[PDB]
Every structure is written in structure tokens, then in C-alpha cells.
């Protein structure tokens, strides 16, 4: 059965990720917290990708996520997966160094605004709200 996304489903896909700005040492950001937040972001973006795919499977011409938005969702999924892999590989006392904490915070971790921008762009593509 064909089923497309409403504004309520997209709002139900929103998630808030902890802000790690300014945490630049291992005593201020544990690998467990980084792992938990990266897992949160990964799971949320996976659900978002699956929901977008199911929406577009309906093949309703005026209720379509643009290919650009689909690609952006896939790229954000890749970023979240890379962040989770980075934390998992470097969680130990030996590998979770200040340099790796700074690398995670500045380059790897997913931020709430990225997911929210993706969802709002999806809303625009579907002419919702």
C-alpha cells in the first residue's frame, strides 16, 4: 500500500544531538558519550533515509523528494556512519587522545542543524506546512 510523508512524520523524524563545541580534551568528552551521540545520529539518519525512500516509492508525481535531497540524506548518512566508526575504532584509553577528541568534535560529529535542514528541505520538496 502506497503511503507518503506528512508534516507530522517529518517532525517525528527530528532528533537533537548533544553539542560538543569547545570540548577539546579526553577528560571533557568521553568516548562513551561520543559513541552514544554518534549512534543516536546514525539511527536517526537511517530512519530518515528509509522514510524518504518509502515516500518516493509511492511514485506520486506531486509528492516527491527531489534527487538532490535524497543525495544529501545519503551523504549525511555516510557522515554519521564515519563518525560512529571513528569513535568505535578509537574508544580505548590508548586511542581516545586529545587530538582524536578534537578531530571528532571539529570534523566528524553530526550536529542537530544538519538533520533539521535536511528535514525542512524535504518539507519544501513536498510542499508541506
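Numbering follows the first chain given and starts at 1.
As the entry records it, the average C-alpha temperature factor is higher for 51 to 59, out of 51 to 59 and 79 to 87.
Per the PDB record, of the two stretches 65 to 73 and 31 to 39, 65 to 73 carries the greater mean B-factor over its C-alpha atoms. Placement of the Cα temperature factor of residue 112 within the chain: lowest third of the modelled residues, per the deposited record.
Placement of the Cα temperature factor of residue 118 within the chain: middle third of the modelled residues, per the deposited record.
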